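We begin with a single chain expressed as structure tokens, specifically the form deposited without the named molecule.
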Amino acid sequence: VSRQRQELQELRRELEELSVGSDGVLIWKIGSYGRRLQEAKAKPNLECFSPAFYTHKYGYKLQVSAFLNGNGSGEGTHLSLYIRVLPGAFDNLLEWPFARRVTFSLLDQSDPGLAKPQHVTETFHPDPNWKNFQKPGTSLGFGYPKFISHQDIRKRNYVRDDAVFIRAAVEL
């Protein structure tokens, strides 16, 4: 029994090391949007987390997070989006502070052949003085409290089939 469980834990860890951006891109699907939005309205600062992902194979380990009902200046009125640098297996091989351009998008879920998608996008340029980007060891989220308002999110296909797509594109 102990062997089968240690085996499952080993495979789960292996799967997590396979979470890697595609040309620096992570697309995070937040399902059950309708329910999760009501949970966030009942509990201020309830945060959703993406799976951890490597920017590129043997790169930085990052994690996207979202407040469906918002946080800080966006609390109760906006979707808020953040990213964090996590301790990664290959940190000693990397340049510090983390200084890669990060592009956040909330995807417009429209068929591109029928209508041009109108994604909500913002490009983050890390400040080398912010502690957030320093080598882990030697949370620290960085992002936007007012990414998209509750009124604006209903104006395009940002929510479709009770799901939203958050895109984080890291310049490699």
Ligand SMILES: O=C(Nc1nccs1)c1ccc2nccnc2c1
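Shifts are known only where both forms have a C-alpha. Think of the rigid core as the biggest set of C-alphas that the two forms share within 1.5 Å after superposition. Residue indices: 1-based, along the sequence shown.
FYI, the form deposited with the named molecule bound isn't displayed, but the following is about it.
For the chain seen here without its partner, which of 30 to 38, 100 to 108, 60 to 68, 114 to 122 has a heavy atom within 4.5 Å of the named molecule in the bound PDB entry? Only one stretch qualifies here: 60 to 68.
Listed residue that, although the named molecule is not shown, lies within 4.5 Å of it in the bound PDB entry (heavy atoms), from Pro136, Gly141, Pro126, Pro44: Flagged contact: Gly141.
Any residue of 156 to 172 that, in the bound PDB entry, places a heavy atom within 4.5 Å of the named molecule: Going through 156 to 172 in order - heavy atoms within 4.5 Å of the named molecule in the bound PDB entry - there are no hits.
Core-superposed comparison between this form and the one not shown, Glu16 Cα displacement 2 Å or beyond: Yes, its C-alpha moves 2 Å or more.
Did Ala89 and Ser19 drift closer or farther in the bound PDB entry, going by a CA distance change of 3 angstroms or more? Farther apart, which means the C-alphas of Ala89 and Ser19 are at least 3 Å more distant in the bound PDB entry.
Relative Cα spacing, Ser19 and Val25, in the bound PDB entry - shift of 3 Å or more: Those two alpha carbons end up closer in the bound PDB entry.
Segments displaced between this form and the one not shown (3 or more residues, each Cα shift of 2 Å or more, core-superposed): Moving stretch: 8 to 23 alone.
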